[PDB]
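Proteins get letters first, then strands, A, B, ... in listed order; numbering begins at 1 in each.
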2 protein chains.
Amino acid sequence: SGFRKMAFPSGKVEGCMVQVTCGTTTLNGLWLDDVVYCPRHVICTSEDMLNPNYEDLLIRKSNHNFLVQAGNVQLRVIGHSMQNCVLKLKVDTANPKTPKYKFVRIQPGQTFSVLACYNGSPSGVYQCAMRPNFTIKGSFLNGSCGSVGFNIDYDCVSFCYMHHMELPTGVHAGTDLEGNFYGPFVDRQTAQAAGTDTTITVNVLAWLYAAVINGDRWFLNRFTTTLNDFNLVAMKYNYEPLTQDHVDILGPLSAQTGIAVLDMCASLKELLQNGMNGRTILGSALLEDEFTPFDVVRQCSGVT
Amino acid sequence: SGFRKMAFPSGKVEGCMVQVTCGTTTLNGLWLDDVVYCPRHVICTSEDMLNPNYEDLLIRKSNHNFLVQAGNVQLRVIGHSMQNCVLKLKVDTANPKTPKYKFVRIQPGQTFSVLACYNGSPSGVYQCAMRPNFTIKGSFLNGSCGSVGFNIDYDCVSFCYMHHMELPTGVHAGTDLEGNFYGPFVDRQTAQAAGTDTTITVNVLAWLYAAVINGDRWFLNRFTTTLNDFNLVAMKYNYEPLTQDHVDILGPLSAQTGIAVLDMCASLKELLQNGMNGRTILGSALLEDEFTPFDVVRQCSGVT
Ligand SMILES: N#Cc1ccccc1C[C@@H](N)C(=O)N[C@H](Cc1ccc(Cl)cc1Cl)C(=O)N[C@H](CC(=O)NCCc1ccccc1)Cc1ccc(F)cc1
Ligand SMILES: N#Cc1ccccc1C[C@@H](N)C(=O)N[C@H](Cc1ccc(Cl)cc1Cl)C(=O)N[C@H](CC(=O)NCCc1ccccc1)Cc1ccc(F)cc1
Ligand SMILES: [Cl-]
Ligand SMILES: [Cl-]
């Protein structure tokens, strides 16, 4: 029993982290087979960053303008290209530690593990969700750019996030591994604002089911509600509307606990209206929304 | 910026996890050089577990009674011994992935990363603290026994915990890697109760400093307090007494933020007396006590 913020084991990704240097700029890259993937703003000086023309800046670069280091071993760059906001550096050596992997672009509300890295060296791992406003509430310092987010499924690493920048509010923005930003953001050093965020309703409900699976029942009630009535309340408290697809995704948890989804929605409605009144759920004093239904199934026992 | 429950990268420990089988009993072992470390109750049947005499049970075993599997490769056991509550199995093959490592027995209040494993296969990593009552609030299912907890310092893995059992309350008990339990517990299947737990005061204070470093100041006040006056309040709210050694450990954080330790104690006193009144700190609605001063320094910027 018990319930924790749980990341995937990071070893398969640690073996892919390298350091990329262009001029005085250094950040992290991801070394898969004979290609290194990193944020394209590695080619920018501090002055370039305010308003870069990346096509202009890249045409002025050659292969020998890029330094790639794996451990204390330099990899020779033999080719380079730009794909959206990621720079690809072809190197002369295929990574012998390359895992089975895929590149995946995720939806808001999905979670992933982040391997925070500095100068090509992994320093820690944590769990994140993609917020509905396409930021993540990461933990990142200077030098973290190029750190990646991933899920693991039967020894296949699905990479879904590469870190590019911290916004004025301190949240974080980045791209899929093909260089497309999540959200409306662009890779230049200007003050960009995320849209107003919302709470991930299907995840809160998943986490309430985790609590029941762990024997925590104090918040349940005998009431139920309709989808339309619940969504009125979701709107009032800045929760994402609950869709029928999300009701269906919660099927297995509902069946393991015998609590219909719309029953749990009535408990959540009551929690939103009355607060917790000093009690906790799974050791938390607020409603947690960064566990997906998948996360709950993965971590909890298959029997309540 | 940002602040997350952050574990160490787990790769160096993943390469040491194996599966140990004795009879119908299977759990996880740790393979370092040519020795596999695992809970000694792997030699127990379900009936043996209620009241085992381990010396009696082990003398009835030979080397070929133990099956060790690393991946799909069986390791041949060539010797076995008991050290307190850990079984040591000598194998014919030294682990080529053995990291630089140490065995360390930690104090309550210290944190570590846990690599949760099933059948020798790593499934997730999370952060834990050793509670003052010598349990950990882990996330563990059947088959997790033999999972280890660790810290990493400059590529040296310090192993500090091996998982042995879940108590009736759902918290977890285990040993150092020399097989000595943390706390008063013993490895037999009886209902054992932990002592009443307390909040880790020095860690709460560390986490308040993390919040200030991240620009979160709403809880500060102009007051200060004495060590003796603070400890009166700590007693009232079931907090560990603050020692002068803990005041000293908080030195660097106090100096980076310009807030004297005893000043922060006055803020904590006010937080305990008045609650949060609906506000959050580092995204939490309760006072978090599973970040050490070291954890905060490691994760936060060196400049406020
Ligand atoms: N992670 C990360 C990271 C963090 C710090 C330094 C460096 C890095 C990595 C580094 N790589 C990077 O992200 N640097 C961007 C600048 C940048 C580079 C490159 C690109 Cl392409 C785009 C950008 Cl925006 C960066 O400094 N942002 C700051 C960070 C900041 O002051 N937070 C305060 C939050 C806060 C705290 C308390 C209270 C309220 C708020 C915010 C900002 C300011 C002006 C601006 F115009 C745009 C953004
Ligand atoms: N992790 C782990 C784990 C978890 C489940 C199954 C298996 C394992 C690993 C496995 N290895 C292991 O720990 N099994 C011990 C039994 C055991 C084996 C070997 C030794 Cl040496 C010692 C022990 Cl005690 C185990 O089943 N404990 C149960 C677990 C339980 O019912 N929690 C409910 C909490 C709860 C939930 C909701 C509300 C309130 C409370 C509690 C218990 C019951 C009777 C008793 F007498 C002693 C302990
Ligand atoms: Cl798709
Ligand atoms: Cl010591």
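Taking both residues in full, the closest heavy atoms of A/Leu208 and A/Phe219 are given as O-CZ, 3.6 Å, listed atom of the first, atom of the second, then distance. Minimum heavy-atom separation, A/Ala206 to A/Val296: O-CG2, 3.6 Å. Taking both residues in full, the closest heavy atoms of A/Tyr239 and A/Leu287 are given as OH-CD1, 3.3 Å, listed atom of the first, atom of the second, then distance. Residues A/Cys128 and A/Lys137 share a closest heavy-atom pair of SG-O, 3.9 Å. What you find for A/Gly195 and A/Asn133 is that their closest heavy atoms are O-ND2, 2.9 Å. Considering every non-hydrogen atom in both B/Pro293 and B/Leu250, the closest pair reads CG-CD2, 3.8 Å.
To the nearest 0.5 angstrom, B/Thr198 atom OG1 is 8.5 Å from B/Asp289 atom CG. Between the CG atom of A/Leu205 and the CG atom of A/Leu253 there is a distance of 10.0 Å, given to the nearest 0.5 Å. Put simply, CG on A/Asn95 and CE on A/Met17 are 11.0 Å apart, with the number rounded to the nearest 0.5 Å. Between the CG atom of B/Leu282 and the NZ atom of B/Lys5 there is a distance of 11.5 Å, given to the nearest 0.5 Å. One finds the CE atom of B/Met6 at 3.5 Å from the CD atom of B/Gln299 (value rounded to the nearest 0.5 Å). A/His163 NE2 to A/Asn28 CG: the interatomic distance, rounded to the nearest 0.5 Å, is 10.0 Å.
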- Item | CA sep, side-chain torsions, deciding dist, call: A/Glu290, A/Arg131, salt bridge (charged side-chain N to carboxylate O under 4.0 Å, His left out) | CA-CA 9 Å; A/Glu290 296 206 348; A/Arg131 304 304 312 174; 2.9 Å; yes
- Task: May I have the step-by-step check of side chain to side chain contact (heavy atoms under 4.5 Å, CB included) for A/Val125 and A/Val114, ending in yes or no?
- Result: CA-CA 5 Å; A/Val125 354; A/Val114 169; over 6 Å; no
- What do the steps show when you test B/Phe291 against B/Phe3 for ring pair (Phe, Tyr, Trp, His ring centres under 6.0 Å), and what is the final call? CA-CA 11 Å; B/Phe291 299 94; B/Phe3 200 79; 4.6 Å; yes
- Task: Quick one: do B/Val157 and B/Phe8 satisfy side chain to side chain contact (heavy atoms under 4.5 Å, CB included)? Show the steps, please.
- Result: CA-CA 10 Å; B/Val157 181; B/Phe8 287 102; over 6 Å; no
- Task: Would you check, one step at a time, whether the test side chain to side chain contact (heavy atoms under 4.5 Å, CB included) holds for A/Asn51 with A/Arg188?
- Result: CA-CA 6 Å; A/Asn51 180 47; A/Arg188 55 133 99 191; 2.6 Å; yes
- Message: Set out, in order, the CA-CA distance, both residues' side-chain angles and the distance that settles side chain to side chain contact (heavy atoms under 4.5 Å, CB included) for B/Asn214 and B/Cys300, then state yes or no.
- Response: CA-CA 8 Å; B/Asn214 268 252; B/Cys300 292; 4.0 Å; yes
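Listed for the B/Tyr126 side chain is a donor-acceptor partner under 3.5 Å among the backbone atoms of B/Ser139. A/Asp176 places a side-chain N or O within 3.5 Å of a backbone atom of A/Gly179 that can act as its donor or acceptor partner. The backbone N or O of A/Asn84 lies less than 3.5 Å from no partner atom in the side chain of A/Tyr54, so there is not a single donor-acceptor pair. Here the side chain of B/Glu14 pairs a donor or acceptor atom with the backbone of A/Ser10 at under 3.5 angstrom. No side-chain donor-acceptor contact under 3.5 Å links B/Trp207 to the backbone of B/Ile281. Of the possible donor and acceptor atoms, one in the side chain of A/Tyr118 sits under 3.5 Å from a partner among the backbone N and O of A/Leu141. Proximity of a side-chain donor or acceptor of B/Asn238 to a complementary backbone N or O of B/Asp197 within less than 3.5 Å is detected. Remark: the backbone N or O of A/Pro132 is not paired with any side-chain donor or acceptor of A/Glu240 at under 3.5 angstrom. With hydrogens and angles ignored, the 3.5 Å screen pairs a side-chain donor or acceptor of A/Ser284 with a backbone N or O of A/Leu286. When atom types are taken as modelled, the side chain of B/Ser301 and the backbone of B/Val303 share a donor-acceptor pair closer than 3.5 angstrom.
In summary, the side chains of A/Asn180 and A/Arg105 do not present any donor paired with an acceptor at a separation below 3.5 Å, with no hydrogens or angles considered. Counting only N and O atoms by type, the side chains of A/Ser121 and A/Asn119 include no donor and acceptor under 3.5 Å apart. If you check the side chains of B/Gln127 and B/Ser113, you find a donor sitting under 3.5 Å from an acceptor. Checking B/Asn151 against B/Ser158 by side-chain atom types alone, no donor-acceptor pair falls below 3.5 Å. In this structure, a donor-acceptor pair under 3.5 Å is absent between the side chains of A/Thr292 and A/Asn203. Judged by distance alone, the side chains of A/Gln19 and A/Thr26 never bring a donor and an acceptor atom under 3.5 Å apart.
A/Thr45 places none of its side-chain heavy atoms less than 4.5 Å from the side chain of A/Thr24. A heavy-atom distance below 4.5 Å is found between the side chains of B/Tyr209 and B/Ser254. Using a 4.5 Å cut-off on side-chain heavy atoms (C-beta onward), B/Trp218 and B/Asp216 make contact. Using a 4.5 Å heavy-atom cutoff, the side chains of A/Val86 and A/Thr175 are in contact. Put simply, the side chain of A/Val36 does not reach to within 4.5 Å of the side chain of A/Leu30, judged on heavy atoms. Residues A/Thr25 and A/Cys44 are not in side-chain contact: their nearest non-hydrogen atoms beyond the backbone lie 4.5 Å or more apart. Considering only heavy atoms from C-beta on, A/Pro39 comes within 4.5 Å of A/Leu27 through its side chain. Under the 4.5 Å side-chain criterion, counting only non-hydrogen atoms from C-beta, A/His172 is in contact with A/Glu166.
Ring planes of A/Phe103 and A/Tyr101: tilted class, angle from 30 to 60°. Taking the six-membered ring for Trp and thresholds of 30 and 60 degrees, A/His41 and A/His164 have ring planes more than 60 degrees apart, a perpendicular arrangement.
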I'd like a table of donor-acceptor pairs (distance under 3.5 Å, sequence neighbours excluded) in which one partner is a side-chain atom from residues 263-274 of chain B, with atom names and distances.
residue, atom, partner, partner atom, Å
B/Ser267, OG, B/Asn221, N, 3.4

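Between A/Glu55 and A/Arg40 there is no salt bridge, since no side-chain N of the basic residue sits under 4.0 Å from a carboxylate O of the acidic one.
Considering only residues two or more places apart in sequence or on other chains, A/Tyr161 meets the ring pair (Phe, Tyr, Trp, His ring centres under 6.0 Å) condition with A/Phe112.
Within a 6.0 Å sphere centred on NZ of A/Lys61, other residues, nucleotides and ligands contribute more than 12 heavy atoms.
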